>>> print(open('upload.cif').read())   # mmCIF, C-alpha atoms
data_structure
loop_
_atom_site.label_atom_id
_atom_site.label_comp_id
_atom_site.auth_asym_id
_atom_site.auth_seq_id
_atom_site.Cartn_x
_atom_site.Cartn_y
_atom_site.Cartn_z
CA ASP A 1 143.94 -150.63 114.43
CA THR A 2 140.51 -151.11 112.84
CA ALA A 3 139.10 -150.11 109.46
CA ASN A 4 135.62 -149.55 108.02
CA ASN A 5 135.18 -150.89 104.49
CA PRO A 6 133.93 -148.26 101.99
CA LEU A 7 132.69 -151.04 99.67
CA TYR A 8 130.32 -152.38 102.35
CA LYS A 9 126.86 -152.25 100.79
CA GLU A 10 123.76 -152.56 102.97
CA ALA A 11 120.41 -154.16 102.12
CA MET A 12 121.71 -156.64 99.55
CA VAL A 13 118.83 -158.62 98.07
CA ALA A 14 120.37 -160.17 94.94
CA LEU A 15 121.40 -163.82 94.92
CA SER A 16 125.11 -164.51 94.41
CA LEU A 17 125.30 -167.78 92.49
CA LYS A 18 128.44 -169.44 91.13
CA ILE A 19 128.02 -170.35 87.46
CA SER A 20 129.78 -173.53 86.34
CA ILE A 21 130.62 -174.06 82.65
CA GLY A 22 133.05 -176.93 82.15
CA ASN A 23 136.21 -175.98 84.02
CA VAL A 24 135.20 -172.33 84.42
CA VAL A 25 133.46 -171.40 87.67
CA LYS A 26 132.52 -167.71 87.83
CA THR A 27 130.29 -165.95 90.33
CA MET A 28 127.26 -163.99 89.11
CA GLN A 29 124.56 -161.97 90.84
CA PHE A 30 120.86 -162.30 90.01
CA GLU A 31 117.72 -160.71 91.37
CA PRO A 32 115.50 -163.24 93.18
CA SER A 33 112.50 -162.82 90.86
CA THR A 34 114.52 -163.27 87.65
CA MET A 35 113.18 -165.93 85.30
CA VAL A 36 115.37 -168.90 84.41
CA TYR A 37 115.49 -167.98 80.71
CA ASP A 38 116.62 -164.44 81.54
CA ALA A 39 119.30 -165.95 83.79
CA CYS A 40 120.72 -167.96 80.88
CA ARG A 41 120.64 -164.80 78.75
CA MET A 42 122.62 -162.91 81.40
CA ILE A 43 125.02 -165.87 81.61
CA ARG A 44 125.44 -165.88 77.82
CA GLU A 45 126.11 -162.13 77.71
CA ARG A 46 128.74 -162.21 80.49
CA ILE A 47 130.54 -165.54 79.89
CA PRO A 48 131.96 -166.21 76.39
CA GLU A 49 132.37 -169.90 77.31
CA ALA A 50 128.57 -170.32 77.29
CA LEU A 51 128.44 -169.62 73.52
CA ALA A 52 129.60 -173.08 72.42
CA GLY A 53 126.17 -174.13 71.17
CA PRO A 54 122.72 -172.59 70.68
CA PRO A 55 120.62 -171.86 73.78
CA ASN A 56 118.07 -174.61 73.09
CA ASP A 57 120.80 -177.23 73.64
CA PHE A 58 121.78 -175.73 77.02
CA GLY A 59 120.08 -175.25 80.37
CA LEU A 60 120.72 -174.53 84.03
CA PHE A 61 121.37 -177.69 86.05
CA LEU A 62 121.52 -178.25 89.83
CA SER A 63 123.75 -181.22 90.60
CA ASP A 64 123.38 -183.58 93.55
CA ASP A 65 125.53 -186.19 95.27
CA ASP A 66 123.02 -188.67 93.88
CA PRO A 67 122.90 -188.29 90.07
CA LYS A 68 119.21 -189.23 89.86
CA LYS A 69 118.12 -186.12 91.82
CA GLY A 70 119.93 -183.60 89.64
CA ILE A 71 117.49 -180.90 88.57
CA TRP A 72 117.09 -179.16 85.21
CA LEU A 73 115.59 -175.73 85.85
CA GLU A 74 112.38 -175.01 83.95
CA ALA A 75 112.68 -171.83 81.89
CA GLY A 76 109.15 -170.77 82.84
CA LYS A 77 109.97 -170.63 86.56
CA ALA A 78 111.81 -168.04 88.64
CA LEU A 79 115.14 -168.44 90.42
CA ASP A 80 114.10 -168.38 94.09
CA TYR A 81 111.55 -171.12 93.30
CA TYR A 82 114.41 -173.64 93.48
CA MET A 83 115.42 -172.50 97.00
CA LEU A 84 118.88 -171.16 96.20
CA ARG A 85 121.35 -169.66 98.67
CA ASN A 86 124.33 -167.41 98.06
CA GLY A 87 127.25 -169.65 97.16
CA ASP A 88 125.19 -172.29 95.36
CA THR A 89 126.55 -173.67 92.09
CA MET A 90 124.48 -173.57 88.90
CA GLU A 91 125.72 -175.53 85.89
CA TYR A 92 125.34 -174.16 82.38
CA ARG A 93 125.25 -177.71 81.08
CA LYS A 94 124.67 -179.40 77.73
CA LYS A 95 121.19 -180.95 77.69
CA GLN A 96 122.03 -183.48 74.97
CA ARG A 97 123.24 -186.97 75.90
CA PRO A 98 123.84 -190.12 73.84
CA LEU A 99 121.33 -192.94 74.31
CA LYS A 100 122.10 -196.33 72.79
CA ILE A 101 118.96 -197.99 71.39
CA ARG A 102 119.10 -201.66 70.42
CA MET A 103 116.04 -200.96 68.24
CA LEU A 104 113.58 -203.44 66.70
CA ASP A 105 115.54 -204.88 63.76
CA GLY A 106 118.40 -205.60 66.19
CA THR A 107 120.92 -202.99 65.09
CA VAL A 108 121.97 -200.67 67.91
CA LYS A 109 121.76 -196.96 67.04
CA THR A 110 122.90 -193.94 69.06
CA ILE A 111 120.41 -191.09 69.49
CA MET A 112 120.97 -187.75 71.20
CA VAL A 113 118.13 -186.90 73.60
CA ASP A 114 117.27 -184.07 75.97
CA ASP A 115 118.31 -185.12 79.47
CA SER A 116 115.71 -182.70 80.89
CA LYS A 117 112.72 -184.08 78.99
CA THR A 118 110.46 -186.83 80.25
CA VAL A 119 110.53 -190.25 78.60
CA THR A 120 107.14 -189.67 76.96
CA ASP A 121 108.69 -186.63 75.25
CA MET A 122 112.00 -188.35 74.47
CA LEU A 123 110.00 -191.11 72.77
CA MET A 124 108.72 -188.51 70.29
CA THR A 125 112.21 -187.62 69.04
CA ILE A 126 113.35 -191.25 69.19
CA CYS A 127 110.45 -192.36 66.99
CA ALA A 128 110.79 -189.38 64.65
CA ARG A 129 114.43 -190.27 63.95
CA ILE A 130 113.67 -193.98 63.49
CA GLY A 131 110.64 -193.22 61.30
CA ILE A 132 107.93 -194.74 63.51
CA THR A 133 104.41 -193.36 63.17
CA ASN A 134 102.79 -194.69 66.37
CA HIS A 135 104.89 -193.40 69.25
CA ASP A 136 101.96 -193.79 71.66
CA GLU A 137 102.07 -197.60 71.43
CA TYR A 138 105.84 -197.82 72.04
CA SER A 139 107.94 -197.63 75.20
CA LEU A 140 111.38 -198.58 76.57
CA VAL A 141 112.65 -201.36 78.84
CA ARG A 142 115.89 -202.23 80.63
CA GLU A 143 117.59 -205.63 80.18
CA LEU A 144 118.25 -206.05 83.90
CA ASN A 145 110.70 -204.00 82.84
CA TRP A 146 109.07 -200.89 81.38
CA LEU A 147 110.24 -197.42 82.40
CA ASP A 148 107.95 -194.74 83.80
CA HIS A 149 106.81 -192.46 80.98
CA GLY A 150 106.07 -189.51 83.27
CA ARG A 151 109.67 -189.32 84.50
CA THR A 152 113.08 -188.59 83.00
CA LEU A 153 115.84 -191.12 82.46
CA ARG A 154 118.01 -189.38 85.04
CA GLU A 155 115.49 -189.68 87.88
CA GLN A 156 115.07 -193.43 87.21
CA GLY A 157 118.74 -194.33 87.61
CA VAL A 158 119.36 -195.05 83.91
CA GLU A 159 123.08 -194.36 83.52
CA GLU A 160 124.11 -192.85 80.20
CA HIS A 161 126.10 -195.96 79.22
CA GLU A 162 123.07 -198.28 79.39
CA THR A 163 121.40 -199.42 76.19
CA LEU A 164 117.60 -199.66 76.05
CA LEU A 165 115.08 -201.46 73.84
CA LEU A 166 112.36 -199.89 71.73
CA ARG A 167 109.36 -202.22 72.05
CA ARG A 168 105.64 -201.86 71.40
CA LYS A 169 103.67 -201.63 74.65
CA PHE A 170 100.12 -200.69 73.64
CA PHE A 171 98.05 -202.59 71.06
CA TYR A 172 95.41 -200.16 69.79
CA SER A 173 95.75 -199.94 65.99
CA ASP A 174 97.18 -202.47 63.53
CA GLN A 175 97.50 -201.88 59.80
CA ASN A 176 97.02 -205.24 58.12
CA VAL A 177 99.95 -207.13 56.65
CA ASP A 178 101.06 -206.65 53.09
CA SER A 179 104.42 -207.47 51.52
CA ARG A 180 104.63 -204.15 49.65
CA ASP A 181 107.07 -202.89 52.31
CA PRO A 182 109.36 -205.81 53.26
CA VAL A 183 111.25 -203.74 55.86
CA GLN A 184 108.14 -202.71 57.79
CA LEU A 185 106.94 -206.29 57.32
CA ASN A 186 110.08 -207.65 59.00
CA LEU A 187 109.49 -205.05 61.72
CA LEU A 188 106.01 -206.49 62.30
CA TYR A 189 107.45 -210.01 62.23
CA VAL A 190 110.14 -209.30 64.83
CA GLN A 191 107.68 -207.62 67.21
CA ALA A 192 105.02 -210.32 66.87
CA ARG A 193 107.70 -213.02 67.12
CA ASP A 194 109.62 -211.91 70.21
CA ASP A 195 106.33 -211.34 72.03
CA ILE A 196 105.79 -215.11 71.76
CA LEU A 197 109.21 -216.38 72.86
CA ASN A 198 109.30 -213.77 75.64
CA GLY A 199 106.14 -215.28 77.10
CA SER A 200 104.47 -211.88 76.76
CA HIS A 201 102.06 -213.51 74.28
CA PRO A 202 101.06 -216.92 75.68
CA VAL A 203 100.18 -219.65 73.18
CA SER A 204 99.45 -223.36 73.33
CA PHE A 205 102.25 -225.87 72.86
CA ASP A 206 100.78 -226.76 69.46
CA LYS A 207 100.55 -223.17 68.21
CA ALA A 208 104.10 -222.52 69.44
CA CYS A 209 105.37 -225.25 67.11
CA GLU A 210 103.45 -223.85 64.14
CA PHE A 211 105.19 -220.52 64.77
CA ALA A 212 108.63 -222.13 65.06
CA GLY A 213 107.98 -223.92 61.78
CA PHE A 214 107.40 -220.59 60.07
CA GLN A 215 110.47 -219.13 61.77
CA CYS A 216 112.52 -222.05 60.43
CA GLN A 217 111.25 -221.02 56.99
CA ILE A 218 112.45 -217.48 57.79
CA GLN A 219 116.01 -218.06 58.97
CA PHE A 220 116.79 -221.32 57.12
CA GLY A 221 114.48 -221.19 54.09
CA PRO A 222 113.02 -224.44 52.76
CA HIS A 223 113.41 -227.54 54.92
CA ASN A 224 116.56 -229.43 53.90
CA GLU A 225 116.33 -232.86 55.54
CA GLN A 226 120.09 -233.23 55.00
CA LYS A 227 121.09 -230.21 57.09
CA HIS A 228 118.00 -230.07 59.35
CA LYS A 229 118.47 -233.38 61.14
CA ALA A 230 117.30 -233.85 64.72
CA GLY A 231 119.33 -232.08 67.38
CA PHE A 232 120.32 -229.31 64.96
CA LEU A 233 118.17 -226.63 66.60
CA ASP A 234 118.67 -224.90 69.95
CA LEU A 235 115.04 -224.91 71.06
CA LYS A 236 115.62 -222.00 73.47
CA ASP A 237 115.65 -219.67 70.43
CA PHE A 238 112.39 -221.02 68.96
CA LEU A 239 109.82 -221.53 71.74
CA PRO A 240 108.77 -219.96 75.04
CA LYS A 241 110.85 -221.12 77.98
CA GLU A 242 108.03 -223.38 79.24
CA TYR A 243 107.85 -225.48 76.07
CA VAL A 244 111.59 -226.12 75.63
CA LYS A 245 111.94 -228.90 78.22
CA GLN A 246 109.93 -231.26 75.99
CA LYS A 247 110.46 -233.50 72.96
CA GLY A 248 108.97 -231.02 70.51
CA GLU A 249 111.58 -230.72 67.77
CA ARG A 250 109.82 -232.87 65.15
CA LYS A 251 106.56 -230.93 65.53
CA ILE A 252 108.56 -227.81 64.69
CA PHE A 253 110.21 -229.65 61.80
CA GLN A 254 106.94 -231.09 60.49
CA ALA A 255 105.42 -227.61 60.60
CA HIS A 256 108.63 -226.42 58.92
CA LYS A 257 108.31 -228.82 55.98
CA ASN A 258 104.59 -227.99 55.72
CA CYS A 259 105.77 -224.62 54.40
CA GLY A 260 107.28 -226.27 51.32
CA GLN A 261 108.92 -223.74 49.01
CA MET A 262 107.33 -220.76 50.78
CA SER A 263 109.21 -217.49 50.37
CA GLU A 264 110.78 -215.92 53.44
CA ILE A 265 108.49 -212.92 52.92
CA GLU A 266 105.35 -215.05 52.61
CA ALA A 267 106.21 -216.98 55.77
CA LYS A 268 106.63 -213.66 57.60
CA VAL A 269 103.12 -212.75 56.42
CA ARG A 270 101.74 -215.99 57.84
CA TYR A 271 103.60 -215.61 61.14
CA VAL A 272 101.97 -212.22 61.74
CA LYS A 273 98.50 -213.19 60.51
CA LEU A 274 98.47 -216.27 62.75
CA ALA A 275 99.65 -214.20 65.72
CA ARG A 276 96.85 -211.67 65.20
CA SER A 277 94.38 -214.54 64.79
CA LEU A 278 94.75 -215.55 68.45
CA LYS A 279 92.47 -214.10 71.10
CA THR A 280 95.58 -213.60 73.25
CA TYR A 281 96.90 -211.02 70.77
CA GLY A 282 97.19 -207.48 72.07
CA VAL A 283 96.45 -208.62 75.63
CA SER A 284 98.99 -207.73 78.30
CA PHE A 285 98.87 -210.24 81.16
CA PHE A 286 99.76 -209.64 84.80
CA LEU A 287 100.12 -212.06 87.70
CA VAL A 288 97.75 -211.47 90.63
CA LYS A 289 96.42 -213.32 93.67
CA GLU A 290 92.71 -213.21 94.47
CA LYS A 291 90.66 -214.04 97.56
CA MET A 292 87.57 -216.16 96.92
CA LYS A 293 85.03 -217.32 99.48
CA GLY A 294 86.28 -220.89 99.04
CA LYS A 295 89.35 -220.51 101.28
CA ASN A 296 91.62 -218.05 103.11
CA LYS A 297 94.78 -218.57 101.02
CA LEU A 298 95.15 -216.50 97.84
CA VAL A 299 94.72 -218.46 94.59
CA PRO A 300 97.01 -217.17 91.78
CA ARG A 301 95.37 -216.04 88.54
CA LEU A 302 96.12 -213.76 85.60
CA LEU A 303 94.36 -210.57 84.56
CA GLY A 304 94.72 -209.21 81.04
CA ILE A 305 94.32 -205.62 79.84
CA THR A 306 93.27 -204.98 76.24
CA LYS A 307 92.52 -201.92 74.13
CA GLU A 308 88.88 -202.13 75.24
CA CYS A 309 88.47 -204.24 78.39
CA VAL A 310 89.97 -205.78 81.52
CA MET A 311 89.57 -209.54 81.93
CA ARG A 312 90.17 -212.06 84.70
CA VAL A 313 91.96 -215.09 83.25
CA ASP A 314 93.06 -218.48 84.55
CA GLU A 315 96.75 -219.04 85.20
CA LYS A 316 96.82 -222.37 83.32
CA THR A 317 94.09 -222.57 80.66
CA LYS A 318 94.08 -218.85 79.69
CA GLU A 319 90.27 -218.79 79.51
CA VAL A 320 88.30 -215.64 80.32
CA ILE A 321 86.52 -216.04 83.66
CA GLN A 322 85.13 -212.48 83.67
CA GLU A 323 85.59 -209.41 81.48
CA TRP A 324 84.72 -205.77 82.21
CA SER A 325 84.83 -203.16 79.47
CA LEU A 326 86.88 -200.04 80.16
CA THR A 327 83.64 -198.04 79.95
CA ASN A 328 82.37 -200.07 82.93
CA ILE A 329 85.30 -199.01 85.15
CA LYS A 330 84.74 -195.96 87.37
CA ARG A 331 87.92 -195.82 89.47
CA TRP A 332 91.16 -197.70 89.97
CA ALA A 333 93.74 -197.60 92.76
CA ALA A 334 97.25 -199.03 93.00
CA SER A 335 99.68 -199.95 95.77
CA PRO A 336 103.02 -201.82 96.08
CA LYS A 337 100.91 -204.74 97.34
CA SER A 338 97.39 -204.36 95.91
CA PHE A 339 95.39 -203.23 92.89
CA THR A 340 91.69 -202.43 92.95
CA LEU A 341 88.97 -201.63 90.41
CA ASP A 342 85.60 -200.03 91.19
CA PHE A 343 82.92 -200.65 88.56
CA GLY A 344 80.18 -198.33 89.83
CA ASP A 345 76.71 -199.76 89.16
CA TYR A 346 77.85 -202.65 86.90
CA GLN A 347 78.98 -204.75 89.89
CA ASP A 348 78.34 -205.11 93.62
CA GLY A 349 81.69 -204.82 95.34
CA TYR A 350 85.15 -203.96 94.08
CA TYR A 351 87.73 -206.22 92.43
CA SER A 352 90.84 -206.20 94.64
CA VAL A 353 93.95 -208.32 94.10
CA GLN A 354 97.39 -208.63 95.67
CA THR A 355 100.12 -208.00 93.12
CA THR A 356 103.66 -206.77 92.61
CA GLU A 357 102.70 -204.80 89.48
CA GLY A 358 99.82 -202.58 90.62
CA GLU A 359 102.23 -199.87 89.49
CA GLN A 360 102.14 -200.84 85.81
CA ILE A 361 98.59 -202.25 85.68
CA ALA A 362 97.20 -198.81 86.47
CA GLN A 363 99.82 -197.14 84.26
CA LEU A 364 98.81 -199.48 81.43
CA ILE A 365 95.08 -198.88 81.90
CA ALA A 366 95.42 -195.10 81.90
CA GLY A 367 97.61 -195.33 78.80
CA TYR A 368 94.92 -197.05 76.74
CA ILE A 369 92.43 -194.45 77.97
CA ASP A 370 94.93 -191.74 77.05
CA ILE A 371 95.05 -193.24 73.56
CA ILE A 372 91.27 -193.52 73.17
CA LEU A 373 90.87 -189.85 74.10
CA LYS A 374 93.78 -188.73 71.92
CA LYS A 375 92.33 -190.39 68.82
CA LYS A 376 88.96 -188.80 69.65
CA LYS A 377 89.57 -185.06 69.99
CA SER A 378 87.76 -184.47 66.67
CA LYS A 379 87.03 -188.10 65.74
#
>>> encode(input="upload.cif", output="structure tokens")
Amino acid sequence: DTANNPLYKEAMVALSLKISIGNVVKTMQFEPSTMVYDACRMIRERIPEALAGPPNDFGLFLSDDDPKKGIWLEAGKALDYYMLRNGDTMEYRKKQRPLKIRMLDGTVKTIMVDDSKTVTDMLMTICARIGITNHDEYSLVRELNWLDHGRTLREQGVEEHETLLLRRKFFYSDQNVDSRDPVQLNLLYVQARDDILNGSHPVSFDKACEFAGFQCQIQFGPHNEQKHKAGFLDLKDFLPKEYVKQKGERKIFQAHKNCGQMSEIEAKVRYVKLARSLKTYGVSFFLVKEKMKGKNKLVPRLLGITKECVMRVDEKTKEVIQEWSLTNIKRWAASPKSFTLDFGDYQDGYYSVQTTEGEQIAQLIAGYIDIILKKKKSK
């Protein structure tokens, strides 16, 4: 006993994909050359469970055992581009996801963001909702450290439960301080402040105490010698980590009483103006090891990247040994061990250094160049 199936169709070319929407898994057939956006339209017209939200909030998603290699299908591409076989599962998934942002002021706010968009595009919506004009200068870090702007959160292992920090990364434009807007002024104060205690902005031990004196005027107001006795202050909250293991509390206090009856707002103005007054302002430092003719063991030094130049700096004294303008740089190359700059005709020989952060050094140089070109399309 044998039987020939009348429903047997020959020369089948369509792709039989299983569409997943929540609990529902239903099989659908698509032509190979069908665009992704037309696929979603067909899915919307044949599955009433796909009409929960508007199409812009939904997309086709290819899951993976590893969450960081899940793929959001681009609408402008075709189906067979993603190398699909009959029996493969396509998710009609919600693109929106909550992203906790600890913010600048310190309050943590939850923002919905497109899980398919890159970080450089997510930063646009994040800044638009937090009312921040200069989204080019900002970026995001992880408290366990900047993230790659050209890549999505999913492909960098950022789980959806992790909070991130909005922090300024590029220092190109700075509107000068005025106390007309106290909220934006406190925003400037927090950014300029935490860049000093973080060690991101190096200062001398004397300048660090003049800052802490202003910050005492911020959080405690005028100096009350009754309540502000010695030993009252946890120095770890008021200086870089290098300057805490020293007897420097009175210098802070003496700078604190030098403020007199200064308003909290006025002391915030002075904190920012003094920070901008330093030549180390707006300079992002990296640790590198160079090879001089003097010996065959790499001497550690710092190199700083500014809005307009790259400079070789000493690890201790923070003095500029050599500075090349970004218009003197012809090429750069990065590696998990090295970083190299070629200066064309403005120098004989390249500048090559061993470093852990050749990744970000190049990413930070190109970013400033990105900014210079962006603010120069039509002057």
>>> residues_around(input="upload.cif", residues="stretch 294-307 of chain A", least_positions_apart="3", cutoff="7 Å", atoms="all atoms listed in the file", output="ChimeraX atom specification")
/A:171-172,282-291,310-315,368
>>> resolve_selection(input="upload.cif", expression="the PyMOL selection byres ((chain A and resi 350-358) around 8)", output="list in words")
residues 286, 287, 288, 289, 290, 291, 334, 335, 336, 337, 338, 339, 340, 341, 342, 343, 347, 348, 349, 359, 360, 361 and 362 of chain A
>>> closest_residue(input="upload.cif", among="A:323, A:77, A:60, A:68", to="residue A:157", atoms="only C-alpha atoms")
A:68
>>> atom_distance(input="upload.cif", atom1="atom CA of residue A:96", atom2="atom CA of residue A:122")
11.2 Å
>>> atom_distance(input="upload.cif", atom1="atom CA of residue A:279", atom2="atom CA of residue A:318")
9.9 Å
>>> atom_distance(input="upload.cif", atom1="atom CA of residue A:309", atom2="atom CA of residue A:326")
4.8 Å
>>> resolve_selection(input="upload.cif", expression="the PyMOL selection byres ((chain A and resi 274) around 12)", output="NGL selection string")
:A and (177 or 189 or 192-193 or 196 or 203 or 207-208 or 210-212 or 214 or 267-273 or 275-281)
>>> residues_around(input="upload.cif", residues="residue A:236", least_positions_apart="2", cutoff="12 Å", atoms="all atoms listed in the file", output="PyMOL selection string")
chain A and resi 197-198+212+233-234+238-246+248-249
>>> resolve_selection(input="upload.cif", expression="the PyMOL selection byres ((chain A and resi 90) around 7)", output="ChimeraX atom specification")
/A:17-20,60-62,88-89,91-92
>>> build_atoms(input="upload.cif", residues="stretch 308-328 of chain A", atoms="N, CA, C and O atoms", output="PDB file, in the frame of the given file")
ATOM      1  N   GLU A 308      90.276-202.440  74.977  1.00  0.00           N
ATOM      2  CA  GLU A 308      88.880-202.130  75.240  1.00  0.00           C
ATOM      3  C   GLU A 308      88.321-202.722  76.529  1.00  0.00           C
ATOM      4  O   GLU A 308      87.194-202.372  76.897  1.00  0.00           O
ATOM      5  N   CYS A 309      89.050-203.591  77.226  1.00  0.00           N
ATOM      6  CA  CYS A 309      88.470-204.240  78.390  1.00  0.00           C
ATOM      7  C   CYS A 309      89.558-204.767  79.313  1.00  0.00           C
ATOM      8  O   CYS A 309      90.725-204.885  78.931  1.00  0.00           O
ATOM      9  N   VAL A 310      89.148-205.076  80.542  1.00  0.00           N
ATOM     10  CA  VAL A 310      89.970-205.780  81.520  1.00  0.00           C
ATOM     11  C   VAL A 310      89.309-207.129  81.777  1.00  0.00           C
ATOM     12  O   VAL A 310      88.084-207.206  81.937  1.00  0.00           O
ATOM     13  N   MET A 311      90.109-208.192  81.802  1.00  0.00           N
ATOM     14  CA  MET A 311      89.570-209.540  81.930  1.00  0.00           C
ATOM     15  C   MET A 311      90.325-210.318  82.998  1.00  0.00           C
ATOM     16  O   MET A 311      91.543-210.179  83.143  1.00  0.00           O
ATOM     17  N   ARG A 312      89.586-211.135  83.745  1.00  0.00           N
ATOM     18  CA  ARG A 312      90.170-212.060  84.700  1.00  0.00           C
ATOM     19  C   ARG A 312      90.360-213.413  84.025  1.00  0.00           C
ATOM     20  O   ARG A 312      89.397-213.996  83.516  1.00  0.00           O
ATOM     21  N   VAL A 313      91.595-213.905  84.018  1.00  0.00           N
ATOM     22  CA  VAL A 313      91.960-215.090  83.250  1.00  0.00           C
ATOM     23  C   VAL A 313      92.580-216.127  84.181  1.00  0.00           C
ATOM     24  O   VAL A 313      93.150-215.799  85.226  1.00  0.00           O
ATOM     25  N   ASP A 314      92.461-217.393  83.791  1.00  0.00           N
ATOM     26  CA  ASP A 314      93.060-218.480  84.550  1.00  0.00           C
ATOM     27  C   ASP A 314      94.560-218.539  84.298  1.00  0.00           C
ATOM     28  O   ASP A 314      95.043-218.213  83.209  1.00  0.00           O
ATOM     29  N   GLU A 315      95.301-218.965  85.324  1.00  0.00           N
ATOM     30  CA  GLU A 315      96.750-219.040  85.200  1.00  0.00           C
ATOM     31  C   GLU A 315      97.182-220.125  84.218  1.00  0.00           C
ATOM     32  O   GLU A 315      98.176-219.951  83.503  1.00  0.00           O
ATOM     33  N   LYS A 316      96.439-221.230  84.147  1.00  0.00           N
ATOM     34  CA  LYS A 316      96.820-222.370  83.320  1.00  0.00           C
ATOM     35  C   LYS A 316      96.149-222.339  81.945  1.00  0.00           C
ATOM     36  O   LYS A 316      96.833-222.289  80.918  1.00  0.00           O
ATOM     37  N   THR A 317      94.816-222.367  81.911  1.00  0.00           N
ATOM     38  CA  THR A 317      94.090-222.570  80.660  1.00  0.00           C
ATOM     39  C   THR A 317      93.949-221.304  79.823  1.00  0.00           C
ATOM     40  O   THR A 317      93.618-221.407  78.636  1.00  0.00           O
ATOM     41  N   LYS A 318      94.191-220.127  80.402  1.00  0.00           N
ATOM     42  CA  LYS A 318      94.080-218.850  79.690  1.00  0.00           C
ATOM     43  C   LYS A 318      92.676-218.649  79.108  1.00  0.00           C
ATOM     44  O   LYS A 318      92.512-218.135  77.999  1.00  0.00           O
ATOM     45  N   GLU A 319      91.656-219.049  79.865  1.00  0.00           N
ATOM     46  CA  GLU A 319      90.270-218.790  79.510  1.00  0.00           C
ATOM     47  C   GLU A 319      89.735-217.613  80.319  1.00  0.00           C
ATOM     48  O   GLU A 319      90.130-217.392  81.467  1.00  0.00           O
ATOM     49  N   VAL A 320      88.824-216.859  79.710  1.00  0.00           N
ATOM     50  CA  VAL A 320      88.300-215.640  80.320  1.00  0.00           C
ATOM     51  C   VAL A 320      87.226-216.018  81.329  1.00  0.00           C
ATOM     52  O   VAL A 320      86.161-216.519  80.959  1.00  0.00           O
ATOM     53  N   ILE A 321      87.504-215.778  82.610  1.00  0.00           N
ATOM     54  CA  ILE A 321      86.520-216.040  83.660  1.00  0.00           C
ATOM     55  C   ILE A 321      85.514-214.893  83.737  1.00  0.00           C
ATOM     56  O   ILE A 321      84.311-215.117  83.911  1.00  0.00           O
ATOM     57  N   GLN A 322      85.988-213.655  83.609  1.00  0.00           N
ATOM     58  CA  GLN A 322      85.130-212.480  83.670  1.00  0.00           C
ATOM     59  C   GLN A 322      85.825-211.347  82.935  1.00  0.00           C
ATOM     60  O   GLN A 322      87.053-211.242  82.971  1.00  0.00           O
ATOM     61  N   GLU A 323      85.040-210.503  82.269  1.00  0.00           N
ATOM     62  CA  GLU A 323      85.590-209.410  81.480  1.00  0.00           C
ATOM     63  C   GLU A 323      84.731-208.166  81.677  1.00  0.00           C
ATOM     64  O   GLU A 323      83.518-208.206  81.453  1.00  0.00           O
ATOM     65  N   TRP A 324      85.362-207.072  82.099  1.00  0.00           N
ATOM     66  CA  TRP A 324      84.720-205.770  82.210  1.00  0.00           C
ATOM     67  C   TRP A 324      85.273-204.853  81.127  1.00  0.00           C
ATOM     68  O   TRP A 324      86.491-204.778  80.940  1.00  0.00           O
ATOM     69  N   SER A 325      84.386-204.150  80.432  1.00  0.00           N
ATOM     70  CA  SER A 325      84.830-203.160  79.470  1.00  0.00           C
ATOM     71  C   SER A 325      85.343-201.916  80.191  1.00  0.00           C
ATOM     72  O   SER A 325      84.896-201.582  81.292  1.00  0.00           O
ATOM     73  N   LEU A 326      86.301-201.234  79.557  1.00  0.00           N
ATOM     74  CA  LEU A 326      86.880-200.040  80.160  1.00  0.00           C
ATOM     75  C   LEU A 326      85.846-198.952  80.402  1.00  0.00           C
ATOM     76  O   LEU A 326      86.067-198.077  81.248  1.00  0.00           O
ATOM     77  N   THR A 327      84.725-198.981  79.683  1.00  0.00           N
ATOM     78  CA  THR A 327      83.640-198.040  79.950  1.00  0.00           C
ATOM     79  C   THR A 327      82.794-198.451  81.141  1.00  0.00           C
ATOM     80  O   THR A 327      81.901-197.693  81.534  1.00  0.00           O
ATOM     81  N   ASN A 328      83.043-199.627  81.716  1.00  0.00           N
ATOM     82  CA  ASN A 328      82.370-200.070  82.930  1.00  0.00           C
ATOM     83  C   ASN A 328      83.188-199.794  84.183  1.00  0.00           C
ATOM     84  O   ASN A 328      82.708-200.055  85.291  1.00  0.00           O
TER      85      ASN A 328
END
